[PDB]
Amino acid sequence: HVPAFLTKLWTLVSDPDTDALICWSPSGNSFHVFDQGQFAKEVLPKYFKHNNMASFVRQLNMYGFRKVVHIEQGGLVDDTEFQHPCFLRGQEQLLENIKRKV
């Protein structure tokens, strides 16, 4: 049985209604979160028992997701991207192979 987090993350990323806040990348091999503040307060509590980005990020790391760093970050001058080799658009069956860390 696929854990609730992966099925919920799949649904909310794929949901076109939330695409303004969280959506697939063009390749469908990663997902973006735009405006962490709005995402955390409107989307997270509709799937999880919290509205905290840190608790969402902790879960992403627990399931082998890693942050994709953009070369545009790092300067003094809101787009957060995460990926997992088995989290691909149009391949929901692949979530069976994402195993949570012990």
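Rigid core (definition): largest C-alpha set, two forms, superposition within 1.5 Å. Numbers for residues come from their place in the sequence shown, where the first is 1.
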Between 46-54 and 29-37, the one drifting more in C-alpha RMS in 6 other deposited structures of this protein once the core is aligned is 46-54
Report task. Determine, among the other compared PDB entries that model residues flanking residue 75, whether at least a third leave it unmodelled. Result -> yes
Here the number of deposited-sequence residues unresolved in the coordinates between residue 77 and residue 78 is 4 to 9
Going by the entry, of stretches 5-13 and 89-97 the one with greater average Cα B-factor is 89-97
Quick note on 51-59 and 36-44: per-entry mean CA temperature factor is higher in 36-44
For residue 30, the third of its chain by CA B-factor is the lowest
